[PDB]
């Protein structure tokens, strides 16, 4: 039972040749004092702790034991679908993200996805900096980086819980195109698309 390979619930396998052929999503970059790096299986303990916190346990529902987060991380790292990232500033890790190919994800069943569509999940470990509007500040840079790395990507997908008004409003103020509420495997979400700059 030495950490067997688990199956990511949201991963789609009935992919077209163009999509299946896609390598793992590029690692975006943030200029100092901010940094982004690929997560490591050793980040499991830290992430499990982060995700078991009030604000994240309710929004991600991924409040599992280190062992499990280890499996989630490994499953992503071993494929070419989702890329887990750690965000830092001033030598400290304070954020977790997931940059994944939308065409290889569950959300591609609720809208016509372009082959290079990218999705982005993100969380701030500091319950504090959340109430500070830290995310709204960094997100724009991250998105720009993401778009920069993949000139082919026509949009970045956001899928907050339909009840997450705070996040939905952010999507709205940013100019995202609303793509409806959809009942999915385990929850009802509000799908938003941030079109790449023209």
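Residue numbers count along the first chain shown, from 1.
Between the stretches 75 to 83 and 122 to 130, it is 122 to 130 that shows the larger average CA temperature factor. In this entry, 11 to 19 shows the higher mean Cα temperature factor of the pair 11 to 19 and 172 to 180. The PDB entry assigns its highest CA temperature factor, among 40, 67, 145, 167, to 67. In the deposited entry, the Cα temperature factor of residue 104 sits in the bottom third of values across the chain's modelled residues. Among all modelled residues in its chain, residue 138 ranks in the middle third by Cα B-factor.
Per-chain ranking of the deposited C-alpha B factor places residue 33 in the middle third.
In this PDB entry, residue 56 carries a Cα temperature factor that places it within the highest third of its chain's modelled residues. Sort the chain's modelled residues by C-alpha temperature factor and residue 151 lands in the highest third, per the entry.
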